[PDB]
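Asker: To be precise about what I am sending: the file is called data_31.cif and holds mmCIF, C-alpha atoms.
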```
data_input
#
loop_
_atom_site.group_PDB
_atom_site.id
_atom_site.type_symbol
_atom_site.label_atom_id
_atom_site.label_comp_id
_atom_site.auth_asym_id
_atom_site.auth_seq_id
_atom_site.Cartn_x
_atom_site.Cartn_y
_atom_site.Cartn_z
ATOM 1 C CA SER A 1 -48.863 -78.360 170.483
ATOM 2 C CA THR A 2 -49.931 -74.921 169.348
ATOM 3 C CA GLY A 3 -53.021 -72.726 169.404
ATOM 4 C CA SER A 4 -54.169 -69.835 167.234
ATOM 5 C CA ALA A 5 -57.192 -67.639 167.946
ATOM 6 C CA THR A 6 -58.517 -64.455 166.409
ATOM 7 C CA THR A 7 -58.968 -61.480 168.721
ATOM 8 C CA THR A 8 -61.561 -58.841 167.837
ATOM 9 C CA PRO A 9 -61.991 -55.232 169.031
ATOM 10 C CA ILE A 10 -65.061 -54.783 171.249
ATOM 11 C CA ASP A 11 -65.961 -51.418 169.734
ATOM 12 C CA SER A 12 -64.993 -48.808 167.155
ATOM 13 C CA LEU A 13 -62.258 -47.358 169.391
ATOM 14 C CA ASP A 14 -60.359 -50.604 170.045
ATOM 15 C CA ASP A 15 -61.089 -50.142 173.751
ATOM 16 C CA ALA A 16 -60.334 -53.822 174.311
ATOM 17 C CA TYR A 17 -60.147 -57.075 172.388
ATOM 18 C CA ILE A 18 -62.079 -60.306 172.903
ATOM 19 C CA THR A 19 -60.963 -63.808 172.050
ATOM 20 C CA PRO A 20 -63.261 -66.852 172.098
ATOM 21 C CA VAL A 21 -62.354 -69.472 174.710
ATOM 22 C CA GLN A 22 -63.897 -72.924 175.125
ATOM 23 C CA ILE A 23 -64.520 -73.937 178.740
ATOM 24 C CA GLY A 24 -65.905 -77.239 179.968
ATOM 25 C CA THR A 25 -67.515 -80.302 178.446
ATOM 26 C CA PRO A 26 -69.496 -79.864 176.261
ATOM 27 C CA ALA A 27 -67.722 -76.626 175.403
ATOM 28 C CA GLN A 28 -69.116 -73.347 176.650
ATOM 29 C CA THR A 29 -67.627 -70.566 174.519
ATOM 30 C CA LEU A 30 -67.006 -67.272 176.302
ATOM 31 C CA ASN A 31 -65.354 -64.173 174.860
ATOM 32 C CA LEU A 32 -62.478 -63.245 177.133
ATOM 33 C CA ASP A 33 -60.185 -60.241 177.381
ATOM 34 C CA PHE A 34 -56.641 -61.613 177.154
ATOM 35 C CA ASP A 35 -54.628 -59.546 179.622
ATOM 36 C CA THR A 36 -50.843 -59.699 179.755
ATOM 37 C CA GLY A 37 -51.040 -57.388 182.786
ATOM 38 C CA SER A 38 -52.817 -59.825 185.124
ATOM 39 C CA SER A 39 -52.800 -63.505 185.989
ATOM 40 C CA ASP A 40 -56.359 -64.631 186.751
ATOM 41 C CA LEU A 41 -58.695 -66.409 184.333
ATOM 42 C CA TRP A 42 -62.106 -65.353 185.604
ATOM 43 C CA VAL A 43 -65.549 -65.541 184.072
ATOM 44 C CA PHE A 44 -69.083 -64.340 184.445
ATOM 45 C CA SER A 45 -70.939 -67.399 185.661
ATOM 46 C CA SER A 46 -74.131 -68.937 186.986
ATOM 47 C CA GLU A 47 -72.832 -67.759 190.406
ATOM 48 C CA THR A 48 -72.546 -64.081 189.459
ATOM 49 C CA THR A 49 -74.945 -61.800 191.353
ATOM 50 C CA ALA A 50 -77.881 -61.506 188.940
ATOM 51 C CA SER A 51 -78.108 -57.708 189.073
ATOM 52 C CA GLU A 52 -74.451 -57.516 187.995
ATOM 53 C CA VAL A 53 -74.988 -59.486 184.778
ATOM 54 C CA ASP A 54 -76.194 -57.503 181.763
ATOM 55 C CA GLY A 55 -75.792 -59.341 178.469
ATOM 56 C CA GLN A 56 -72.640 -61.390 179.127
ATOM 57 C CA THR A 57 -72.414 -65.073 178.316
ATOM 58 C CA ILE A 58 -71.981 -67.042 181.531
ATOM 59 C CA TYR A 59 -70.083 -70.192 182.448
ATOM 60 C CA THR A 60 -72.282 -72.743 184.210
ATOM 61 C CA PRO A 61 -70.037 -75.295 185.912
ATOM 62 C CA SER A 62 -72.968 -77.587 186.760
ATOM 63 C CA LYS A 63 -73.451 -78.138 183.008
ATOM 64 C CA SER A 64 -69.818 -79.210 182.522
ATOM 65 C CA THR A 65 -68.993 -82.865 183.083
ATOM 66 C CA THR A 66 -65.325 -81.941 183.626
ATOM 67 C CA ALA A 67 -65.844 -79.099 186.129
ATOM 68 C CA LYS A 68 -64.752 -79.662 189.717
ATOM 69 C CA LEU A 69 -65.022 -77.237 192.606
ATOM 70 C CA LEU A 70 -61.559 -76.285 193.879
ATOM 71 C CA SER A 71 -62.684 -76.634 197.449
ATOM 72 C CA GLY A 72 -61.967 -73.696 199.733
ATOM 73 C CA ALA A 73 -60.355 -71.536 197.052
ATOM 74 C CA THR A 74 -61.413 -67.921 196.632
ATOM 75 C CA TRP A 75 -60.121 -65.025 194.556
ATOM 76 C CA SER A 76 -60.407 -61.255 194.517
ATOM 77 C CA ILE A 77 -58.747 -58.848 192.132
ATOM 78 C CA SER A 78 -58.536 -55.113 191.633
ATOM 79 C CA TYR A 79 -57.293 -53.610 188.388
ATOM 80 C CA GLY A 80 -55.482 -50.358 187.640
ATOM 81 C CA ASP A 81 -58.665 -48.712 186.374
ATOM 82 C CA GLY A 82 -60.356 -49.284 189.731
ATOM 83 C CA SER A 83 -62.503 -52.183 188.552
ATOM 84 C CA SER A 84 -62.711 -55.417 190.499
ATOM 85 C CA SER A 85 -64.222 -58.886 190.742
ATOM 86 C CA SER A 86 -64.186 -61.835 193.143
ATOM 87 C CA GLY A 87 -65.561 -65.303 193.675
ATOM 88 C CA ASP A 88 -64.705 -68.972 193.998
ATOM 89 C CA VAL A 89 -62.871 -71.451 191.766
ATOM 90 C CA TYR A 90 -63.444 -74.507 189.591
ATOM 91 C CA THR A 91 -60.982 -76.543 187.615
ATOM 92 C CA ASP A 92 -62.072 -77.415 184.105
ATOM 93 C CA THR A 93 -60.820 -78.021 180.573
ATOM 94 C CA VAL A 94 -60.002 -74.794 178.733
ATOM 95 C CA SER A 95 -59.133 -74.506 175.058
ATOM 96 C CA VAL A 96 -57.873 -71.506 173.104
ATOM 97 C CA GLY A 97 -57.573 -71.727 169.351
ATOM 98 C CA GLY A 98 -57.255 -75.505 169.433
ATOM 99 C CA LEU A 99 -54.812 -75.634 172.370
ATOM 100 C CA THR A 100 -56.253 -77.494 175.340
ATOM 101 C CA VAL A 101 -55.342 -77.343 179.026
ATOM 102 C CA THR A 102 -56.929 -79.758 181.458
ATOM 103 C CA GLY A 103 -57.268 -78.806 185.118
ATOM 104 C CA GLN A 104 -57.156 -75.060 184.471
ATOM 105 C CA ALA A 105 -58.328 -72.867 187.340
ATOM 106 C CA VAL A 106 -61.469 -71.109 186.133
ATOM 107 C CA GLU A 107 -62.318 -68.377 188.591
ATOM 108 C CA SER A 108 -66.086 -67.989 188.824
ATOM 109 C CA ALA A 109 -67.257 -64.455 189.655
ATOM 110 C CA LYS A 110 -69.752 -63.999 192.448
ATOM 111 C CA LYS A 111 -69.333 -60.214 192.230
ATOM 112 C CA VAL A 112 -68.095 -57.834 189.544
ATOM 113 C CA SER A 113 -67.791 -54.046 189.605
ATOM 114 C CA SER A 114 -69.945 -51.728 187.500
ATOM 115 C CA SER A 115 -67.449 -51.380 184.635
ATOM 116 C CA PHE A 116 -67.643 -55.119 183.991
ATOM 117 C CA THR A 117 -71.436 -55.241 184.236
ATOM 118 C CA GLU A 118 -71.730 -52.334 181.813
ATOM 119 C CA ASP A 119 -69.557 -54.015 179.204
ATOM 120 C CA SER A 120 -71.784 -56.700 177.701
ATOM 121 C CA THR A 121 -69.087 -57.769 175.231
ATOM 122 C CA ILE A 122 -66.552 -59.069 177.770
ATOM 123 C CA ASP A 123 -67.407 -62.371 179.458
ATOM 124 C CA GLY A 124 -64.271 -62.404 181.626
ATOM 125 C CA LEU A 125 -60.496 -62.091 181.549
ATOM 126 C CA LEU A 126 -57.702 -64.493 180.699
ATOM 127 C CA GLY A 127 -54.529 -63.413 182.458
ATOM 128 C CA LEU A 128 -51.183 -63.850 180.729
ATOM 129 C CA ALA A 129 -48.795 -62.153 183.169
ATOM 130 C CA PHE A 130 -46.680 -64.274 185.531
ATOM 131 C CA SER A 131 -48.466 -66.702 187.826
ATOM 132 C CA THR A 132 -46.939 -65.024 190.889
ATOM 133 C CA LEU A 133 -49.689 -62.368 190.481
ATOM 134 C CA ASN A 134 -52.538 -64.885 190.562
ATOM 135 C CA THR A 135 -54.966 -63.990 193.348
ATOM 136 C CA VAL A 136 -56.373 -67.417 194.269
ATOM 137 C CA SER A 137 -56.110 -68.168 197.981
ATOM 138 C CA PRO A 138 -54.975 -70.199 199.838
ATOM 139 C CA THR A 139 -53.393 -72.068 196.924
ATOM 140 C CA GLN A 140 -52.172 -69.793 194.139
ATOM 141 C CA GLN A 141 -53.040 -71.010 190.648
ATOM 142 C CA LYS A 142 -51.238 -71.011 187.307
ATOM 143 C CA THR A 143 -52.193 -69.096 184.194
ATOM 144 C CA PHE A 144 -53.392 -70.809 181.044
ATOM 145 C CA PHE A 145 -49.995 -70.114 179.462
ATOM 146 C CA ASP A 146 -48.045 -71.505 182.420
ATOM 147 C CA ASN A 147 -50.163 -74.675 182.336
ATOM 148 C CA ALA A 148 -49.818 -75.032 178.555
ATOM 149 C CA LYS A 149 -46.102 -74.253 178.403
ATOM 150 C CA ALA A 150 -44.559 -77.709 178.686
ATOM 151 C CA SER A 151 -46.825 -78.998 175.908
ATOM 152 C CA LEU A 152 -46.120 -76.128 173.514
ATOM 153 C CA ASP A 153 -43.746 -76.534 170.591
ATOM 154 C CA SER A 154 -41.964 -73.411 171.876
ATOM 155 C CA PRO A 155 -42.639 -71.691 175.227
ATOM 156 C CA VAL A 156 -44.040 -68.512 173.708
ATOM 157 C CA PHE A 157 -47.205 -66.691 172.828
ATOM 158 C CA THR A 158 -47.590 -63.769 170.445
ATOM 159 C CA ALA A 159 -49.943 -60.795 170.344
ATOM 160 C CA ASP A 160 -50.829 -59.324 166.961
ATOM 161 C CA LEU A 161 -53.530 -56.753 167.712
ATOM 162 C CA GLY A 162 -55.307 -54.960 164.889
ATOM 163 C CA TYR A 163 -56.046 -51.285 164.454
ATOM 164 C CA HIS A 164 -59.803 -51.154 163.961
ATOM 165 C CA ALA A 165 -59.579 -54.774 162.802
ATOM 166 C CA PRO A 166 -59.233 -58.305 164.141
ATOM 167 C CA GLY A 167 -55.846 -59.732 165.016
ATOM 168 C CA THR A 168 -54.385 -62.929 166.441
ATOM 169 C CA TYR A 169 -53.065 -64.564 169.605
ATOM 170 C CA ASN A 170 -50.821 -67.526 168.861
ATOM 171 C CA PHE A 171 -49.478 -70.032 171.388
ATOM 172 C CA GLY A 172 -46.407 -72.166 170.875
ATOM 173 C CA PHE A 173 -45.064 -70.755 167.611
ATOM 174 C CA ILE A 174 -43.955 -67.590 165.892
ATOM 175 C CA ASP A 175 -45.787 -66.927 162.603
ATOM 176 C CA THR A 176 -42.962 -65.621 160.427
ATOM 177 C CA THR A 177 -45.545 -64.380 157.876
ATOM 178 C CA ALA A 178 -47.166 -62.045 160.407
ATOM 179 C CA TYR A 179 -44.453 -59.390 160.625
ATOM 180 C CA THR A 180 -41.972 -57.535 158.456
ATOM 181 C CA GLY A 181 -38.214 -57.313 158.946
ATOM 182 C CA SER A 182 -36.717 -58.920 162.030
ATOM 183 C CA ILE A 183 -37.873 -59.342 165.634
ATOM 184 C CA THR A 184 -35.853 -57.411 168.223
ATOM 185 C CA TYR A 185 -35.759 -59.072 171.622
ATOM 186 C CA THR A 186 -35.296 -57.203 174.877
ATOM 187 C CA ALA A 187 -34.832 -58.269 178.507
ATOM 188 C CA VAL A 188 -37.748 -58.801 180.877
ATOM 189 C CA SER A 189 -37.869 -58.379 184.631
ATOM 190 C CA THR A 190 -40.415 -60.591 186.355
ATOM 191 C CA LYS A 191 -39.801 -58.969 189.752
ATOM 192 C CA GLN A 192 -43.238 -57.320 189.806
ATOM 193 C CA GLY A 193 -44.968 -60.214 188.001
ATOM 194 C CA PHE A 194 -45.362 -58.305 184.742
ATOM 195 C CA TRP A 195 -43.805 -58.425 181.298
ATOM 196 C CA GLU A 196 -41.644 -55.505 182.356
ATOM 197 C CA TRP A 197 -38.990 -54.182 179.989
ATOM 198 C CA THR A 198 -37.040 -51.005 179.221
ATOM 199 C CA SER A 199 -37.622 -49.010 176.073
ATOM 200 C CA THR A 200 -34.587 -47.192 174.725
ATOM 201 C CA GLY A 201 -36.351 -43.918 173.925
ATOM 202 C CA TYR A 202 -38.860 -42.105 171.780
ATOM 203 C CA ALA A 203 -39.537 -39.664 168.994
ATOM 204 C CA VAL A 204 -42.499 -37.415 168.266
ATOM 205 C CA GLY A 205 -43.542 -37.284 164.628
ATOM 206 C CA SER A 206 -40.584 -36.653 162.358
ATOM 207 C CA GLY A 207 -38.544 -35.332 165.294
ATOM 208 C CA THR A 208 -35.177 -36.552 166.468
ATOM 209 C CA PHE A 209 -35.037 -39.694 168.583
ATOM 210 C CA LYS A 210 -34.430 -39.092 172.285
ATOM 211 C CA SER A 211 -32.338 -41.840 173.833
ATOM 212 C CA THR A 212 -33.690 -42.432 177.327
ATOM 213 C CA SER A 213 -34.559 -45.543 179.333
ATOM 214 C CA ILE A 214 -38.296 -45.994 179.936
ATOM 215 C CA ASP A 215 -39.202 -48.949 182.143
ATOM 216 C CA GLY A 216 -42.737 -50.199 181.570
ATOM 217 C CA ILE A 217 -45.005 -53.179 181.073
ATOM 218 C CA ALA A 218 -46.424 -54.775 177.946
ATOM 219 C CA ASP A 219 -50.111 -54.863 178.846
ATOM 220 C CA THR A 220 -52.711 -56.044 176.350
ATOM 221 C CA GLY A 221 -55.420 -55.372 178.933
ATOM 222 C CA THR A 222 -54.786 -51.604 179.037
ATOM 223 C CA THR A 223 -56.206 -49.531 176.182
ATOM 224 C CA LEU A 224 -53.793 -46.591 176.119
ATOM 225 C CA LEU A 225 -50.090 -45.784 176.233
ATOM 226 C CA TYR A 226 -49.088 -44.368 179.631
ATOM 227 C CA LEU A 227 -45.646 -42.752 179.780
ATOM 228 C CA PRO A 228 -43.748 -40.263 181.940
ATOM 229 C CA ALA A 229 -45.160 -36.752 182.065
ATOM 230 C CA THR A 230 -42.088 -35.320 180.337
ATOM 231 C CA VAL A 231 -42.552 -37.614 177.316
ATOM 232 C CA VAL A 232 -46.308 -37.067 177.123
ATOM 233 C CA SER A 233 -45.934 -33.283 177.348
ATOM 234 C CA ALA A 234 -43.408 -33.362 174.499
ATOM 235 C CA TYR A 235 -45.883 -35.310 172.365
ATOM 236 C CA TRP A 236 -48.942 -33.137 172.960
ATOM 237 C CA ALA A 237 -46.941 -29.916 172.568
ATOM 238 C CA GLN A 238 -46.864 -30.795 168.857
ATOM 239 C CA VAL A 239 -50.667 -30.706 168.580
ATOM 240 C CA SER A 240 -52.215 -27.239 168.353
ATOM 241 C CA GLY A 241 -54.782 -26.749 171.076
ATOM 242 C CA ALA A 242 -53.978 -29.922 173.011
ATOM 243 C CA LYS A 243 -54.089 -29.653 176.786
ATOM 244 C CA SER A 244 -54.367 -31.723 179.917
ATOM 245 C CA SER A 245 -57.868 -31.463 181.345
ATOM 246 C CA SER A 246 -58.335 -32.412 184.993
ATOM 247 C CA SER A 247 -62.111 -32.424 184.441
ATOM 248 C CA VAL A 248 -61.877 -34.955 181.599
ATOM 249 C CA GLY A 249 -59.048 -36.963 183.147
ATOM 250 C CA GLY A 250 -56.176 -36.482 180.729
ATOM 251 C CA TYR A 251 -54.957 -34.921 177.536
ATOM 252 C CA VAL A 252 -57.550 -33.802 175.050
ATOM 253 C CA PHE A 253 -57.079 -32.241 171.654
ATOM 254 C CA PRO A 254 -59.194 -30.555 168.988
ATOM 255 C CA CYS A 255 -60.975 -33.158 166.900
ATOM 256 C CA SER A 256 -59.901 -31.138 163.838
ATOM 257 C CA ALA A 257 -56.227 -31.977 164.480
ATOM 258 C CA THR A 258 -53.966 -34.273 162.532
ATOM 259 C CA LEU A 259 -51.962 -36.176 165.146
ATOM 260 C CA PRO A 260 -48.245 -36.871 164.767
ATOM 261 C CA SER A 261 -46.891 -40.388 165.027
ATOM 262 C CA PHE A 262 -45.043 -41.579 168.127
ATOM 263 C CA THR A 263 -41.977 -43.815 167.940
ATOM 264 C CA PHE A 264 -40.662 -45.984 170.770
ATOM 265 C CA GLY A 265 -37.332 -47.774 170.930
ATOM 266 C CA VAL A 266 -36.762 -51.481 171.401
ATOM 267 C CA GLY A 267 -33.004 -51.855 171.597
ATOM 268 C CA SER A 268 -31.738 -50.291 168.370
ATOM 269 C CA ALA A 269 -35.090 -50.948 166.669
ATOM 270 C CA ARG A 270 -37.967 -48.513 166.383
ATOM 271 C CA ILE A 271 -41.725 -49.101 166.479
ATOM 272 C CA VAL A 272 -43.837 -46.336 164.943
ATOM 273 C CA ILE A 273 -47.353 -45.725 166.231
ATOM 274 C CA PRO A 274 -49.285 -43.835 163.511
ATOM 275 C CA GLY A 275 -51.028 -40.669 164.639
ATOM 276 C CA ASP A 276 -54.433 -42.166 163.889
ATOM 277 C CA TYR A 277 -53.851 -44.834 166.554
ATOM 278 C CA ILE A 278 -53.625 -42.048 169.151
ATOM 279 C CA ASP A 279 -57.131 -40.683 168.412
ATOM 280 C CA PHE A 280 -59.769 -41.934 170.850
ATOM 281 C CA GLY A 281 -62.492 -39.712 169.504
ATOM 282 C CA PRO A 282 -64.899 -37.254 171.083
ATOM 283 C CA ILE A 283 -64.859 -37.095 174.871
ATOM 284 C CA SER A 284 -68.669 -37.273 174.778
ATOM 285 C CA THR A 285 -70.993 -37.814 171.857
ATOM 286 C CA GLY A 286 -70.868 -34.864 169.463
ATOM 287 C CA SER A 287 -68.027 -33.052 171.232
ATOM 288 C CA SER A 288 -65.280 -31.362 169.241
ATOM 289 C CA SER A 289 -62.797 -32.233 172.023
ATOM 290 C CA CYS A 290 -61.135 -35.578 171.402
ATOM 291 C CA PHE A 291 -59.413 -37.851 173.912
ATOM 292 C CA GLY A 292 -55.737 -38.670 173.483
ATOM 293 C CA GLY A 293 -54.291 -42.146 173.312
ATOM 294 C CA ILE A 294 -50.991 -41.203 174.995
ATOM 295 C CA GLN A 295 -51.448 -40.197 178.620
ATOM 296 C CA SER A 296 -49.288 -39.564 181.648
ATOM 297 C CA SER A 297 -48.371 -42.462 183.928
ATOM 298 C CA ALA A 298 -47.713 -40.057 186.806
ATOM 299 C CA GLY A 299 -49.587 -41.421 189.801
ATOM 300 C CA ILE A 300 -50.059 -44.889 188.276
ATOM 301 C CA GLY A 301 -46.628 -45.816 189.525
ATOM 302 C CA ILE A 302 -45.663 -47.671 186.343
ATOM 303 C CA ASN A 303 -45.427 -46.936 182.636
ATOM 304 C CA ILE A 304 -47.779 -49.032 180.516
ATOM 305 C CA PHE A 305 -47.309 -50.042 176.903
ATOM 306 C CA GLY A 306 -50.987 -50.755 176.335
ATOM 307 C CA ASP A 307 -52.892 -51.542 173.179
ATOM 308 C CA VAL A 308 -52.084 -48.212 171.482
ATOM 309 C CA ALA A 309 -48.423 -49.238 171.452
ATOM 310 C CA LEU A 310 -48.749 -52.996 171.123
ATOM 311 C CA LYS A 311 -51.078 -52.905 168.128
ATOM 312 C CA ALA A 312 -48.351 -51.140 166.126
ATOM 313 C CA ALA A 313 -46.194 -54.264 166.473
ATOM 314 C CA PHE A 314 -46.019 -58.028 166.320
ATOM 315 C CA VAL A 315 -45.141 -58.870 169.940
ATOM 316 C CA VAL A 316 -43.488 -62.061 171.202
ATOM 317 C CA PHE A 317 -43.968 -63.001 174.848
ATOM 318 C CA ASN A 318 -41.118 -65.448 175.333
ATOM 319 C CA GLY A 319 -41.724 -67.548 178.435
ATOM 320 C CA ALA A 320 -38.486 -69.515 178.298
ATOM 321 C CA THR A 321 -36.530 -69.981 181.534
ATOM 322 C CA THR A 322 -35.162 -66.488 180.996
ATOM 323 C CA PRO A 323 -38.162 -64.583 179.647
ATOM 324 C CA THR A 324 -37.822 -61.904 176.998
ATOM 325 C CA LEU A 325 -40.059 -59.745 174.831
ATOM 326 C CA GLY A 326 -39.759 -59.389 171.070
ATOM 327 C CA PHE A 327 -41.096 -56.614 168.860
ATOM 328 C CA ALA A 328 -41.336 -56.457 165.078
ATOM 329 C CA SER A 329 -42.971 -54.042 162.721
ATOM 330 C CA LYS A 330 -45.844 -55.398 160.630
#
```
How does the structure come out when it is put into structure tokens?
Answerer:
Amino acid sequence: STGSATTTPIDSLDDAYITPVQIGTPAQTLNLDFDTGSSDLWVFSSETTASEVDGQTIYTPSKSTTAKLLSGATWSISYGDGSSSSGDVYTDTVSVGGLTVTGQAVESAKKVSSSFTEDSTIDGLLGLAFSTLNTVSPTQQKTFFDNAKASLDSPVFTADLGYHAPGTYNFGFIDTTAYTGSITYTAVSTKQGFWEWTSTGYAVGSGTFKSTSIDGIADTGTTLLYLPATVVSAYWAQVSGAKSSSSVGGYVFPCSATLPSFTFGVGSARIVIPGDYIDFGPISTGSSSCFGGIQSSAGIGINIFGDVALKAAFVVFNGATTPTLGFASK
């Protein structure tokens, strides 16, 4: 089997991407944030505290003939941005782009933090990291991908995120028309439960490539590119007037600037992020200070190849017995 679903930016900045997901019988379609940095499939639901719902589409298990309470199971998750959610668990039929899993754990939110409430466009998350990170207790649950894997033509999924445009998540096949040149594969460590890999270096604009190992995670659920302070300083030093602002929470730059590209290494291959991808616009409406898309990972504890990086590539998440990651230009 295979699946193929379009993923669409939630706003004009590509802050996140939503992908329609069918849950239950008859289908209830919710728009979920596919997150390769976490491993819970959770949804706004008929159980979510009413004051914490503001425009989201909810899953109502009582209206699904295939829903079953997973008795005694609870979940609670906290994300790197400080947001959180928690609740109880149903199993139900879940389909993505024509690919169906029966008995998927669908984590129903009883509570969500303010950031989720305030984002009316995201109806929940679909985790695509390793199932060892799944938060369901006392019986840990598998991700949609883990459940689907044995049925897939090939044990892979691909992320093809657009810049200010829709893109695609495919399951079970590699669309050889969706990228240019060849795919370069690189080793993954699953020790922390993430799609963790080591980039071979970077360049700023037309500058020389610096060969240096940068361990980080491929995380579709993080907007920006978070890298070591040394690397980030080298980038922003090439932008007149750019500075790190503690009041704003990162690097800002004059909105009048033209940003240089940023290149990252994947083995001997190179992925180029155009300068425009690094512009996150005015810090507040009407400001002439713009927020940068490359930020320091210092104090996160991990480097994160978020959407800014991933959208510059066609990315293969290879979930074979020995997992790997592939990157191609597109």
Asker: Might you pull out every residue within 6 Å of range 307-319 of chain A, with only C-alpha atoms counted and same-chain residues fewer than 5 positions away left off, and present them as a compact mmCIF listing (two decimals) with C-alpha atoms, in the frame of the given file?
Answerer:
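File part39.txt, as written:
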```
# COMPACT_ATOMS: atom_id res chain seq x y z
CA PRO A 155 -42.64 -71.69 175.23
CA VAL A 156 -44.04 -68.51 173.71
CA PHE A 157 -47.20 -66.69 172.83
CA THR A 158 -47.59 -63.77 170.44
CA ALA A 159 -49.94 -60.80 170.34
CA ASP A 160 -50.83 -59.32 166.96
CA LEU A 161 -53.53 -56.75 167.71
CA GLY A 162 -55.31 -54.96 164.89
CA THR A 220 -52.71 -56.04 176.35
CA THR A 223 -56.21 -49.53 176.18
CA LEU A 224 -53.79 -46.59 176.12
CA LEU A 225 -50.09 -45.78 176.23
CA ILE A 273 -47.35 -45.72 166.23
CA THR A 324 -37.82 -61.90 177.00
CA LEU A 325 -40.06 -59.74 174.83
CA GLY A 326 -39.76 -59.39 171.07
CA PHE A 327 -41.10 -56.61 168.86
CA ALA A 328 -41.34 -56.46 165.08
CA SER A 329 -42.97 -54.04 162.72
CA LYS A 330 -45.84 -55.40 160.63
```
Asker: State, in Å with one decimal place, the distance from CA of residue 278 in chain A to CA of residue 239 in chain A.
Answerer: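 Straight-line distance from CA of residue 278 in chain A to CA of residue 239 in chain A works out to 11.7 Å.
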Asker: Just want the 8 Å neighbourhood of residue 255 in chain A, counted on only C-alpha atoms, with same-chain residues fewer than 5 positions away dropped. Output as a list in words.
Answerer: residues 281, 282, 288, 289 and 290 of chain A
Asker: Just so the selection is clear, what residues does the PyMOL selection byres ((chain A and resi 143) around 7) cover here, as a ChimeraX atom specification?
Answerer: /A:39-40,127-128,131,141-142,144-147
Asker: Rank A:171, A:294, A:261, A:11 by their smallest atom-to-atom distance to residue 97 in chain A, using only C-alpha atoms, and report the top residue only.
Answerer: A:171
Asker: Can you tell me how far CA of residue 35 in chain A sits from CA of residue 4 in chain A, in Å to one decimal?
Answerer: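 CA of residue 35 in chain A sits 16.1 Å away from CA of residue 4 in chain A.
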Asker: Could you tell me, as a ChimeraX atom specification, which residues have any atom at most 12 Å from (-44.2, -42.9, 164.8), counting all atoms listed in the file?
Answerer: /A:202-209,235,259-265,270-278,308-309,312-313,329
